[PDB]
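K.L.:
Let me give you the structure first, and then I'll get to my questions.
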Amino acid sequence: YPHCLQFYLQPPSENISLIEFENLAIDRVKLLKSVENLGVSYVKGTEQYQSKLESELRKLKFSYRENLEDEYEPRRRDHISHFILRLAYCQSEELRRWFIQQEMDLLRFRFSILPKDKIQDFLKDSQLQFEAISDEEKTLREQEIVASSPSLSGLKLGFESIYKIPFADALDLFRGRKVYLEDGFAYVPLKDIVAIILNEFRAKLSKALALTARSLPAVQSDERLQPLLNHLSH
Amino acid sequence: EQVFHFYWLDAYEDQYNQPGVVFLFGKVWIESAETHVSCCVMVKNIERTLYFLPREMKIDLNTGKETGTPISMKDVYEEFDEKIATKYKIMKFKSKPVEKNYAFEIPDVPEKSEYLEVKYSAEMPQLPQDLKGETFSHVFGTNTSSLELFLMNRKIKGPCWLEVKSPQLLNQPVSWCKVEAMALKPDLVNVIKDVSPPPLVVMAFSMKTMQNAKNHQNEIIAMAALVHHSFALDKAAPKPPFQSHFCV
Amino acid sequence: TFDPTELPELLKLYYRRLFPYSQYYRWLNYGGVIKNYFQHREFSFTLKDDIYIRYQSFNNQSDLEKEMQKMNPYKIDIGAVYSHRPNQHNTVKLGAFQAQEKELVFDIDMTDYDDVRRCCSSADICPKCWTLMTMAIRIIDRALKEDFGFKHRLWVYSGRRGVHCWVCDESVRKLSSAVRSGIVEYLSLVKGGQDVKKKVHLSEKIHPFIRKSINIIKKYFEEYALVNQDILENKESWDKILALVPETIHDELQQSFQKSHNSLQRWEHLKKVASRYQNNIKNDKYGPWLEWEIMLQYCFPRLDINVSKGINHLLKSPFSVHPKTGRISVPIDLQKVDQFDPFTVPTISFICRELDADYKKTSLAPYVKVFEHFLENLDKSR
Amino acid sequence: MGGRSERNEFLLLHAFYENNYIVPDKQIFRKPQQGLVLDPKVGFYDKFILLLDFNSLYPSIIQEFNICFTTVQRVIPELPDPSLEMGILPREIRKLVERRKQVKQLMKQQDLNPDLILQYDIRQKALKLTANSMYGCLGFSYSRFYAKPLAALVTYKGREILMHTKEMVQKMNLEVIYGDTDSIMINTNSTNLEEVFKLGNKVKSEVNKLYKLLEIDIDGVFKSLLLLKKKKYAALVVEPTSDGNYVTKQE
Ligand SMILES: Nc1ncnc2c1ncn2[C@@H]1O[C@H](COP(=O)(O)OP(=O)(O)OP(=O)(O)O)[C@@H](O)[C@H]1O
Ligand SMILES: [Mn+2]
Ligand SMILES: [Mn+2]
Ligand SMILES: [Zn+2]
């Protein structure tokens with residue numbers, strides 16, 4: 001667990017007690033339902049929403065910035081909980097869509113929490129390459145970035161970091177001619193970067209959920225997990 | 001030329017007593033009695049058909065390694081007709097080129113490759129199902145029962161009036177039916193559609209068995225049976241369902 | 001055009017002794033670094049009477065020579081590198097035979113400039129109007145060279161009414177259909193058909209691609225538009241330009257156009273009025289947005305979208321004769337792109353006369369030289 | 001003598017032979033010595049309960065998703081691309097469905113000889129039985145055409161569509177008490193027979209427009225039912241008589 005954000009694409013292979021299994025499943029279901037209700041009632045960006053979700057995560061001890069406690073407990077809890085919920089929700093298309101929506105909201109929130117200085121390593125730790133441009137390069141190509149920039153008003157190129165990414169990873173972004181390209185690499189701001197990140201994460205999650213849905217019949221045989229996983233959310 | 005047509009109902013085959021012959025029973029109309037009577041026709045010379053799928057490139061059969069030459073259809077034909085023929089004692093076969101499709105579970109089979117179609121009389125021994133060749137990849141149709149061959153090749157779809165041309169009358173009876181007929185080749189019989197099924201005879205029987213007093217052996221003591229000679233197969237069930245019966 | 005009664009013989013001659021088999025194999029094999037890459041390529045042949053076959057393929061250069069001489073295909077096109085040999089496409093499972101890789105191909109036609117042409121029309125071409133393609137090539141080449149950084153671009157004359165571009169970079173050959181569609185969208189600005197009178201619209205901010213296209217066009221606009229076509233000759237000519245201009249100034253423009261005498265001063269006065277015509281009353285912004293829209297609409301390249309969208313879409317091969325004109329698809333030299341002349345392109349009849357009167361003995365030597373330079377760059381990159 | 005596998009296998013053999021295929025060799029060993037179930041809401045229901053016969057579900061799945069030996073790329077498989085032309089097995093399943101539909105049309109038109117009406121009914125029943133047993137022909141170890149991946153995919157899709165139907169009808173303000181790929185008991189909470197019939201028609205119509213080739217129908221109505229297990233219940237079968245009146249047959 002190198003990083004707090006993480007992409008869930010490596011199932012764990014540890015052994016946990018049944019009580020721990022149930023507690024993790026219930027805690028993560030509670031977190032997801034709280035995320036959904038909080039997003040519905042409030043707006044996804046208001047400081048109130050972020051503070052309330054911070055409090056929920058603290059009380060459910062699911063994630064936190066790096067420290068001694070974070071290294072061991074919250075990150076493993078998040079991992080195994082996410083995969084147990086994968087088992088629970090891959091049964092039906094509606095459940096899959098709901099899980100995807102709420103997991104996307106949670107990932108977006110966690111990304112917003114993440115301080116900028118670390119994003120680089122996370123992108124490196126995500127196992128896909130995004131490169132940040134230098135201050136000299138940013139100064140040199142500020143005019144080009146502003147000219148190619150979206151309807152974003154003014155020439156102000158603030159402190160938002162700019163990254164060098166292959167045009168392939170920004171298909172939906174550069175296809176509209178709303179970004180600057182150089183030698184096949186696109187220069188994008190932070191908001192579009194997080195959009196791309198969540199889109200790719202959604203694709204990965206959809207594929208993983210389809211695979212788990214196919215694999216369910218092998219694992220449904222267990223009798224001490226059927227009554228829990230069948231109706232974990234329902 | 002004399003030809004007769006009859007409504008076939010069931011067919012019997014045996015691979016040991018009369019290999020390569022399919023017996024086919026049914027009802028044949030007779031004008032003399034202006035009715036329908038039992039009949040049986042035996043079809044002979046139902047030739048086994050096998051399909052040899054050839055390898056695209058010759059490989060040593062001892063080890064499967066490369067030989068160094070491609071595989072042509074004539075090459076596989078020659079290889080078969082010499083070595084497989086001598087090995088499995090076949091004196092007469094009509095090998096031909098054919099193009100057939102395969103879309104089933106057998107691994108490593110081209111969908112639409114070329115095949116060697118070997119048609120030879122069923123009297124000769126059947127080849128093993130796992131026969132493998134130096135030139136040919138593998139053979140299908142090794143153990144296809146003659147009844148299936150007759151049904152598929154003649155496009156017979158369940159009980160339907162069949163008309164046989166050149167009916168030869170066998171010297172000695174082979175069945176208990178009132179009429180018998182002969183067919184040298186399966187192709188001599190064709191299928192005619194625009195006819196209605198004839199009524200048949202239905203017998204409903206019931207008997208009472210009893211365990212022998214001494215030691216556990218069933219013993220039949222009483223029999224009863226109802227008969228209906230002219231039973232319609234398309235109209236409503238006749239009422240009464242019978243016109244005669246016997247008990248003992 | 002070209003006489004078809006003489007096409008077979010000449011084509012025979014052509015297909016016997018003028019196609020660059022060695023260089024063609026080298027190109028389409030791209031160094032032979034991928035197994036069955038040459039064997040898996042799809043080739044398409046359009047024979048006499050427009051009957052065309054698909055999923056054709058070959059084993060090696062000798063096999064290609066044998067089959068191509070045996071048939072003498074009237075038109076040859078290249079396809080995608082499929083999972084298996086296209087020739088045996090029938091012997092593959094339904095759905096398992098799918099296109100896997102193809103080069104990125106762009107296609108520019110002159111018919112699309114019918115709405116933007118006066119001298120010639122349809123496939124008719126004259127030196128005055130051909131400049132369009134030149135400019136187009138320049139722009140697109142720059143756009144591919146700088147913005148996307150594709151190094152191995154082969155530009156070929158379509159033969160009759162346009163050009164083709166092949167991009168053969170190893171990464172480019174693996175792009176999916178969606179990425180190709182996105183690239184086409186990026187390299188396309190003229191949106192809308194004949195139904196819309198104003199076919200170009202620019203946002204407030206000028207994209208650096210758009211700015212560089214404007215800079216390139218400013219170099220050639222005067223020669224192409226203001227003298228050869230006389231688009232501002234009289235009312236019958238400048239009415240078309242006025243149509244895509246706001247009516248509020250039309251009268252004045254008409255007056256000036258009626259009081260003006262040539263295209264240059266009308267250009268200057270239109271520039272002045274645009275710099276004094278308040279596009280948006282809120283702000284005091286003035287720009288050539290009308291002028292630059294006119295320039296781009298009259299000059300900006302237009303691309304065939306469906307041709308490039310498909311991974312399996314086929315395109316005419318280089319050095320292939322055009323059935324409806326007899327012209328040979330010849331690589332267009334970038335360094336001489338301005339001096340290139342489609343009319344001087346030596347026809348199959350002309351190269352045959354030069355022959356009947358090795359490729360270096362004919363006028364295909366320079367075109368083959370450009371092609372070989374492209375192949376040598378490809379090999380050097382390896 | 002029994003066994004739908006024989007008749008359906010012969011149907012497949014005829015179809016393949018007429019289409020010039022190499023049908024798999026008859027098994028040599030031979031010697032045949034012979035989905036998802038919703039947990040039932042056991043209890044007492046005094047409101048009208050209706051049965052939706054999920055018959056011909058698997059044939060409908062095959063027709064919809066063009067599952068065939070010539071389409072699915074086995075090596076769990078993946079759904080065939082919709083653009084691909086219809087396979088063989090969907091082809092004759094469709095043929096059976098269309099001829100059943102035409103026979104039903106023939107039944108609809110009146111002024112027919114009662115014997116001919118009985119003949120049409122018999123033909124329709126036979127076609128329905130054959131269509132139902134098609135899948136059993138496809139997926140069974142003892143069968144000639146045993147294709148494990150195809151059977152697994154068909155069962156998976158059937159379970160998916162059944163679960164979707166359950167959740168949808170739940171969203172319709174109803175509640176489903178049982179169903180396994182061949183029937184669905186729906187509790188209507190309605191004491192009006194006509195209301196129940198129209199509600200059943202509406203659910204059938206919406207599921208049909210969601211799945212084009214699925215042909216659902218109403219099999220029976222229970223005025224009051226005590227459910228305990230599969231084929232374990234006590235009900236008042238609602239036999240509809242004329243003028244909208246019904247008899248509560250004790251079953
Ligand atoms: N109906 C079509 N079928 C197959 N391919 C087509 C068809 N129409 C166009 N194409 C391809 O798309 C291209 C676009 O049409 P167009 O003929 O104008 O291109 P071009 O080669 O530049 O024209 P020309 O051959 O007259 O110089 C064609 O050259 C041709 O390669
Ligand atoms: Mn073209
Ligand atoms: Mn075209
Ligand atoms: Zn011209």
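How things are named: the first chain in the structure tokens is A, the next is B, and so on; residues count from 1 in each chain; ligands count from 1 in the order shown.
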Go through the chains and note each residue within 9 Å of ligand 1, using only C-alpha atoms and all ligand atoms, then give the set as a VMD selection string.
P.N.:
chain C and resid 77 107 to 112 122 to 123 157 to 164 304 306 to 307 313 to 316 322 to 325 327 329
K.L.:
Residues of chain C within 12 Å of chain B, counting only C-alpha atoms, what are they? List them as a list in words.
P.N.:
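Matching residues, ligands excluded from the count: residues 88, 89, 90, 91, 92, 93, 94, 96 and 97 of chain C.
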K.L.:
Could you write out the selected residues, including N, CA, C and O atoms, as a PDB file, in the first residue's frame?
P.N.:
```
ATOM      1  N   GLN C  88      -6.953 -16.580 -46.360  1.00  0.00           N
ATOM      2  CA  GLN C  88      -7.697 -17.661 -45.727  1.00  0.00           C
ATOM      3  C   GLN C  88      -8.753 -17.143 -44.754  1.00  0.00           C
ATOM      4  O   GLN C  88      -9.091 -17.826 -43.782  1.00  0.00           O
ATOM      5  N   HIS C  89      -9.295 -15.949 -45.010  1.00  0.00           N
ATOM      6  CA  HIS C  89     -10.281 -15.373 -44.100  1.00  0.00           C
ATOM      7  C   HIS C  89     -11.477 -16.295 -43.903  1.00  0.00           C
ATOM      8  O   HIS C  89     -12.060 -16.328 -42.814  1.00  0.00           O
ATOM      9  N   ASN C  90     -11.861 -17.048 -44.937  1.00  0.00           N
ATOM     10  CA  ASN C  90     -12.982 -17.971 -44.793  1.00  0.00           C
ATOM     11  C   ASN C  90     -12.670 -19.056 -43.772  1.00  0.00           C
ATOM     12  O   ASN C  90     -13.543 -19.454 -42.990  1.00  0.00           O
ATOM     13  N   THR C  91     -11.432 -19.543 -43.755  1.00  0.00           N
ATOM     14  CA  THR C  91     -11.033 -20.625 -42.866  1.00  0.00           C
ATOM     15  C   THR C  91     -10.799 -20.165 -41.432  1.00  0.00           C
ATOM     16  O   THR C  91     -10.241 -20.928 -40.637  1.00  0.00           O
ATOM     17  N   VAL C  92     -11.204 -18.945 -41.084  1.00  0.00           N
ATOM     18  CA  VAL C  92     -11.066 -18.427 -39.729  1.00  0.00           C
ATOM     19  C   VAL C  92     -12.450 -18.351 -39.101  1.00  0.00           C
ATOM     20  O   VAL C  92     -13.461 -18.172 -39.789  1.00  0.00           O
ATOM     21  N   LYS C  93     -12.487 -18.491 -37.777  1.00  0.00           N
ATOM     22  CA  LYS C  93     -13.753 -18.448 -37.059  1.00  0.00           C
ATOM     23  C   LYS C  93     -14.429 -17.097 -37.253  1.00  0.00           C
ATOM     24  O   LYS C  93     -13.767 -16.058 -37.332  1.00  0.00           O
ATOM     25  N   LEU C  94     -15.757 -17.113 -37.332  1.00  0.00           N
ATOM     26  CA  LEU C  94     -16.509 -15.871 -37.458  1.00  0.00           C
ATOM     27  C   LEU C  94     -16.307 -15.013 -36.218  1.00  0.00           C
ATOM     28  O   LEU C  94     -16.662 -15.418 -35.107  1.00  0.00           O
ATOM     29  N   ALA C  96     -13.320 -14.018 -35.046  1.00  0.00           N
ATOM     30  CA  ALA C  96     -11.921 -14.102 -34.654  1.00  0.00           C
ATOM     31  C   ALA C  96     -10.984 -13.467 -35.671  1.00  0.00           C
ATOM     32  O   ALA C  96      -9.828 -13.188 -35.338  1.00  0.00           O
ATOM     33  N   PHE C  97     -11.454 -13.231 -36.894  1.00  0.00           N
ATOM     34  CA  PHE C  97     -10.671 -12.572 -37.935  1.00  0.00           C
ATOM     35  C   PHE C  97     -11.037 -11.093 -37.916  1.00  0.00           C
ATOM     36  O   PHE C  97     -12.065 -10.689 -38.464  1.00  0.00           O
TER      37      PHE C  97
END
```
K.L.:
Among stretch 14-174 of chain D, which residues carry a DSSP assignment of helix (DSSP H, G or I), reported as a PyMOL selection string?
P.N.:
chain D and resi 14-18+57-65+88-108+114-138+148-171
K.L.:
Within 10 Å of chain D, which residues of chain B show up when using only C-alpha atoms, listed as a tab-separated table (two decimals) with C-alpha atoms, in the first residue's frame?
P.N.:
```tsv
chain	number	residue	atom	x	y	z
B	51	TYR	CA	-13.88	-37.33	-43.96
B	99	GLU	CA	-15.37	-28.84	-48.93
B	100	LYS	CA	-17.17	-29.08	-45.58
B	101	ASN	CA	-17.49	-26.75	-42.60
B	102	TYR	CA	-16.71	-27.55	-38.97
B	103	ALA	CA	-17.71	-25.39	-36.00
B	104	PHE	CA	-17.66	-27.78	-33.04
B	105	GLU	CA	-15.60	-28.65	-29.98
B	106	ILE	CA	-12.88	-30.79	-31.60
B	107	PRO	CA	-9.67	-28.77	-31.06
B	111	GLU	CA	-13.59	-23.90	-40.06
B	112	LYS	CA	-13.80	-24.34	-43.85
B	129	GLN	CA	-11.76	-43.44	-34.16
B	140	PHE	CA	-14.18	-37.92	-38.87
B	141	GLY	CA	-17.17	-40.12	-39.60
B	142	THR	CA	-15.44	-43.31	-38.47
B	143	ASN	CA	-18.32	-44.70	-36.39
B	144	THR	CA	-21.38	-42.96	-37.82
B	145	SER	CA	-24.19	-45.51	-37.73
B	148	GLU	CA	-27.90	-41.82	-39.46
B	151	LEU	CA	-31.58	-40.50	-42.71
B	152	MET	CA	-29.36	-37.48	-43.40
B	153	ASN	CA	-28.40	-38.35	-46.98
B	155	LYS	CA	-33.37	-35.95	-46.39
B	156	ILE	CA	-35.98	-38.03	-44.56
B	157	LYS	CA	-37.72	-35.99	-41.84
B	158	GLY	CA	-39.62	-38.36	-39.59
B	234	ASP	CA	-54.67	-36.96	-37.54
B	235	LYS	CA	-58.40	-36.95	-36.72
B	236	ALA	CA	-59.85	-37.16	-33.23
```
K.L.:
Show me which bits of chain A are within 7 Å of chain C, counting only C-alpha atoms, as a compact mmCIF listing (two decimals) with N, CA and C atoms, in the first residue's frame.
P.N.:
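result09.txt, freshly written:
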```txt
# COMPACT_ATOMS: atom_id res chain seq x y z
N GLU A 144 1.23 29.27 -25.49
CA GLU A 144 0.62 28.17 -26.22
C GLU A 144 -0.48 27.50 -25.40
N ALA A 147 -3.51 29.76 -25.31
CA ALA A 147 -4.20 29.77 -26.60
C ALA A 147 -4.99 28.49 -26.82
N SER A 148 -4.40 27.34 -26.49
CA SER A 148 -5.10 26.07 -26.64
C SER A 148 -6.06 25.79 -25.49
N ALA A 168 -2.77 9.90 -26.66
CA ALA A 168 -3.66 8.75 -26.59
C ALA A 168 -4.51 8.76 -25.33
N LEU A 171 -7.82 11.25 -25.42
CA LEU A 171 -8.63 11.15 -26.63
C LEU A 171 -9.83 12.09 -26.56
N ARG A 175 -9.55 15.59 -28.68
CA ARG A 175 -10.36 15.44 -29.88
C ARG A 175 -11.16 16.70 -30.20
N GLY A 176 -11.54 17.48 -29.20
CA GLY A 176 -12.26 18.71 -29.39
C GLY A 176 -11.40 19.92 -29.66
N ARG A 177 -10.08 19.76 -29.75
CA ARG A 177 -9.17 20.87 -30.03
C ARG A 177 -9.14 21.87 -28.87
N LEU A 181 -0.87 20.47 -27.94
CA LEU A 181 -0.11 19.27 -28.26
C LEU A 181 1.29 19.66 -28.71
N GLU A 182 2.26 18.80 -28.41
CA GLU A 182 3.64 19.00 -28.83
C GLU A 182 4.29 17.63 -28.92
N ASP A 183 4.73 17.26 -30.12
CA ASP A 183 5.40 15.99 -30.35
C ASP A 183 4.56 14.83 -29.83
N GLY A 184 3.24 14.94 -30.01
CA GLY A 184 2.34 13.88 -29.61
C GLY A 184 1.99 13.84 -28.14
```
K.L.:
Using only C-alpha atoms, determine which residues lie at most 9 Å from stretch 15-27 of chain C, disregarding the query and same-chain residues fewer than 6 positions distant; provide the list as a list in words.
P.N.:
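My list of contacting residues is residues 38, 60, 61, 62, 64, 65, 68, 69, 72, 73, 318, 319, 320, 351, 358, 359, 364, 368, 371, 372, 374, 375 and 378 of chain C.
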K.L.:
Could you save the residues just selected, with C-alpha atoms, as a short mmCIF file (atom, residue, chain, number, x, y, z; two decimals), in the first residue's frame?
P.N.:
```cif
data_model
loop_
_atom_site.label_atom_id
_atom_site.label_comp_id
_atom_site.auth_asym_id
_atom_site.auth_seq_id
_atom_site.Cartn_x
_atom_site.Cartn_y
_atom_site.Cartn_z
CA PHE C 38 3.84 -9.11 -44.66
CA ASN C 60 6.57 -13.12 -50.41
CA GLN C 61 7.72 -10.75 -53.13
CA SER C 62 7.96 -13.55 -55.70
CA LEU C 64 3.17 -11.12 -55.26
CA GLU C 65 4.94 -10.80 -58.61
CA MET C 68 -0.04 -9.71 -59.89
CA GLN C 69 1.32 -10.59 -63.34
CA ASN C 72 -2.70 -7.78 -63.71
CA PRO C 73 -5.12 -6.14 -61.24
CA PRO C 318 1.54 4.32 -54.21
CA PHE C 319 2.70 3.83 -57.80
CA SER C 320 -0.77 2.55 -58.75
CA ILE C 351 6.31 6.56 -69.09
CA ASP C 358 15.25 -0.30 -64.89
CA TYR C 359 13.16 2.35 -63.15
CA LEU C 364 9.72 7.34 -62.26
CA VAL C 368 11.04 6.24 -56.76
CA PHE C 371 9.83 6.77 -52.00
CA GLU C 372 13.24 5.20 -51.35
CA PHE C 374 11.09 7.60 -47.12
CA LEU C 375 11.96 3.90 -46.81
CA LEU C 378 12.09 4.26 -41.92
#
```
K.L.:
Which neighbours of stretch 218-230 of chain B fall inside 10 Å, counting only C-alpha atoms, when residues of the same chain fewer than 5 positions from it are skipped, and could you give them as a list in words?
P.N.:
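Skipping anything fewer than 5 positions along the chain leaves residues 35, 36, 198, 199, 200, 201, 202, 203, 204, 205, 206, 207, 208, 209, 210, 211, 212, 213, 238, 240, 241, 242, 243, 244, 245, 246, 247 and 248 of chain B.
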K.L.:
Any idea which chain D residues end up within 8 Å of chain A if we count only C-alpha atoms, as an MDAnalysis selection string please?
P.N.:
chainID D and resid 76 156 160 163:164
K.L.:
Dump N, CA, C and O atoms for the selected residues as an mmCIF file, in the first residue's frame?
P.N.:
```
data_model
loop_
_atom_site.group_PDB
_atom_site.id
_atom_site.type_symbol
_atom_site.label_atom_id
_atom_site.label_comp_id
_atom_site.auth_asym_id
_atom_site.auth_seq_id
_atom_site.Cartn_x
_atom_site.Cartn_y
_atom_site.Cartn_z
ATOM 1 N N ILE D 76 -15.087 -18.936 -19.530
ATOM 2 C CA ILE D 76 -16.386 -18.408 -19.921
ATOM 3 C C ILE D 76 -16.224 -17.575 -21.191
ATOM 4 O O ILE D 76 -15.346 -16.715 -21.257
ATOM 5 N N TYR D 156 -25.831 -17.999 -17.657
ATOM 6 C CA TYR D 156 -25.476 -16.725 -17.044
ATOM 7 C C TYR D 156 -26.389 -15.609 -17.536
ATOM 8 O O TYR D 156 -26.891 -14.803 -16.743
ATOM 9 N N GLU D 160 -29.075 -13.375 -15.422
ATOM 10 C CA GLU D 160 -29.003 -11.919 -15.440
ATOM 11 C C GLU D 160 -30.355 -11.308 -15.785
ATOM 12 O O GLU D 160 -30.836 -10.399 -15.096
ATOM 13 N N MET D 163 -32.913 -11.795 -12.941
ATOM 14 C CA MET D 163 -32.692 -10.875 -11.829
ATOM 15 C C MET D 163 -33.127 -9.463 -12.199
ATOM 16 O O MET D 163 -33.713 -8.746 -11.376
ATOM 17 N N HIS D 164 -32.842 -9.043 -13.434
ATOM 18 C CA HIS D 164 -33.275 -7.721 -13.869
ATOM 19 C C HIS D 164 -34.794 -7.616 -13.866
ATOM 20 O O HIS D 164 -35.350 -6.598 -13.443
#
```
K.L.:
Do you know which residues are within 8 Å of ligand 4 using only C-alpha atoms and all ligand atoms? Can you write them as a VMD selection string?
P.N.:
chain C and resid 117 to 121 124 to 130
K.L.:
Taking 2 positions as the minimum chain separation for residues in the same chain, which residues sit within 10 Å of residue D:179 when counting only C-alpha atoms? Answer as a list in words.
P.N.:
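Using only C-alpha atoms, the neighbours found are residues 36, 37, 38, 39, 40, 51, 52, 53, 54, 162, 163, 166, 176, 177, 181, 182, 183, 184, 185, 186 and 230 of chain D.
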K.L.:
Which is closest to residue A:31 among A:123, A:162, A:60, A:68, if we use only C-alpha atoms?
P.N.:
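So, comparing all the options, the nearest one is A:60.
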K.L.:
What parts of stretch 58-197 of chain D does DSSP call strand (DSSP E or B)? I'd like the answer as a list in words.
P.N.:
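Answer for stretch 58-197 of chain D, restricted to strand (DSSP E or B): residues 175, 176, 177, 178, 179, 184, 185, 186 and 187 of chain D.
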K.L.:
Output N, CA and C atoms for every residue in that selection, as a PDB file, in the first residue's frame.
P.N.:
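Result file result-v8.pdb:
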```pdb
ATOM      1  N   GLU D 175     -44.394  -7.197  -5.725  1.00  0.00           N
ATOM      2  CA  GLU D 175     -43.407  -8.023  -5.044  1.00  0.00           C
ATOM      3  C   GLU D 175     -43.467  -9.427  -5.624  1.00  0.00           C
ATOM      4  N   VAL D 176     -42.300 -10.001  -5.889  1.00  0.00           N
ATOM      5  CA  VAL D 176     -42.187 -11.342  -6.454  1.00  0.00           C
ATOM      6  C   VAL D 176     -41.811 -12.303  -5.338  1.00  0.00           C
ATOM      7  N   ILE D 177     -42.495 -13.443  -5.290  1.00  0.00           N
ATOM      8  CA  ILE D 177     -42.325 -14.399  -4.203  1.00  0.00           C
ATOM      9  C   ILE D 177     -41.578 -15.654  -4.622  1.00  0.00           C
ATOM     10  N   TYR D 178     -41.400 -15.906  -5.919  1.00  0.00           N
ATOM     11  CA  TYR D 178     -40.656 -17.081  -6.356  1.00  0.00           C
ATOM     12  C   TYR D 178     -40.470 -17.091  -7.866  1.00  0.00           C
ATOM     13  N   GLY D 179     -39.360 -17.660  -8.336  1.00  0.00           N
ATOM     14  CA  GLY D 179     -39.193 -17.937  -9.749  1.00  0.00           C
ATOM     15  C   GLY D 179     -37.838 -18.521 -10.094  1.00  0.00           C
ATOM     16  N   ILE D 184     -42.742 -17.323 -12.527  1.00  0.00           N
ATOM     17  CA  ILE D 184     -42.580 -16.209 -11.601  1.00  0.00           C
ATOM     18  C   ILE D 184     -43.929 -15.963 -10.943  1.00  0.00           C
ATOM     19  N   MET D 185     -44.009 -16.167  -9.632  1.00  0.00           N
ATOM     20  CA  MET D 185     -45.216 -15.834  -8.885  1.00  0.00           C
ATOM     21  C   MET D 185     -45.125 -14.387  -8.424  1.00  0.00           C
ATOM     22  N   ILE D 186     -46.120 -13.588  -8.797  1.00  0.00           N
ATOM     23  CA  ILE D 186     -46.184 -12.175  -8.450  1.00  0.00           C
ATOM     24  C   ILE D 186     -47.398 -11.961  -7.561  1.00  0.00           C
ATOM     25  N   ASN D 187     -47.180 -11.312  -6.420  1.00  0.00           N
ATOM     26  CA  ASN D 187     -48.254 -10.912  -5.522  1.00  0.00           C
ATOM     27  C   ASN D 187     -48.739  -9.530  -5.935  1.00  0.00           C
TER      28      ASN D 187
END
```
K.L.:
Write out as a compact mmCIF listing (two decimals) with N, CA and C atoms, in the first residue's frame the residues lying within 10 Å of residue A:130, counting only C-alpha atoms and excluding same-chain residues fewer than 3 positions away.
P.N.:
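Result file is selection_5.txt:
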```txt
# COMPACT_ATOMS: atom_id res chain seq x y z
N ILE A 119 0.93 14.27 -5.71
CA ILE A 119 0.20 13.70 -6.84
C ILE A 119 1.16 13.00 -7.79
N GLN A 120 2.29 13.63 -8.10
CA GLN A 120 3.27 13.03 -9.00
C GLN A 120 3.52 11.58 -8.64
N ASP A 121 3.99 11.32 -7.42
CA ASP A 121 4.32 9.95 -7.06
C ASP A 121 3.11 9.04 -7.18
N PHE A 122 1.93 9.53 -6.78
CA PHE A 122 0.72 8.73 -6.95
C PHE A 122 0.55 8.33 -8.41
N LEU A 123 0.69 9.29 -9.32
CA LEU A 123 0.61 8.97 -10.74
C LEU A 123 1.67 7.95 -11.12
N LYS A 124 2.87 8.08 -10.55
CA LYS A 124 3.89 7.07 -10.77
C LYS A 124 3.50 5.75 -10.12
N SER A 126 0.48 4.77 -9.59
CA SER A 126 -0.72 4.25 -10.24
C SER A 126 -0.40 3.26 -11.35
N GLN A 127 0.87 3.14 -11.75
CA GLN A 127 1.37 2.23 -12.77
C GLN A 127 1.08 2.73 -14.18
N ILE A 133 5.48 19.09 -16.17
CA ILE A 133 6.42 19.95 -16.88
C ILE A 133 7.17 20.83 -15.88
N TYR A 163 0.92 19.09 -16.87
CA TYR A 163 1.55 17.79 -17.06
C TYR A 163 1.65 17.44 -18.54
N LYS A 164 2.67 16.66 -18.85
CA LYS A 164 2.95 16.19 -20.20
C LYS A 164 2.47 14.75 -20.32
N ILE A 165 1.48 14.53 -21.19
CA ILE A 165 0.81 13.24 -21.30
C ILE A 165 0.69 12.85 -22.77
N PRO A 166 0.81 11.57 -23.13
CA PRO A 166 0.57 11.18 -24.52
C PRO A 166 -0.84 11.54 -24.96
N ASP A 169 -3.95 9.16 -24.19
CA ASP A 169 -4.66 9.16 -22.93
C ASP A 169 -5.65 10.31 -22.79
N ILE A 193 -7.09 16.69 -15.72
CA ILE A 193 -6.29 15.54 -15.31
C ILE A 193 -7.11 14.62 -14.42
```
K.L.:
Excluding residue C:220 and its own-chain neighbours fewer than 6 positions away, which residues fall within 12 Å of it when counting only C-alpha atoms? Please give them as a ChimeraX atom specification.
P.N.:
/C:131-136,138-139,213-214,226-227,295-296,298-300,338
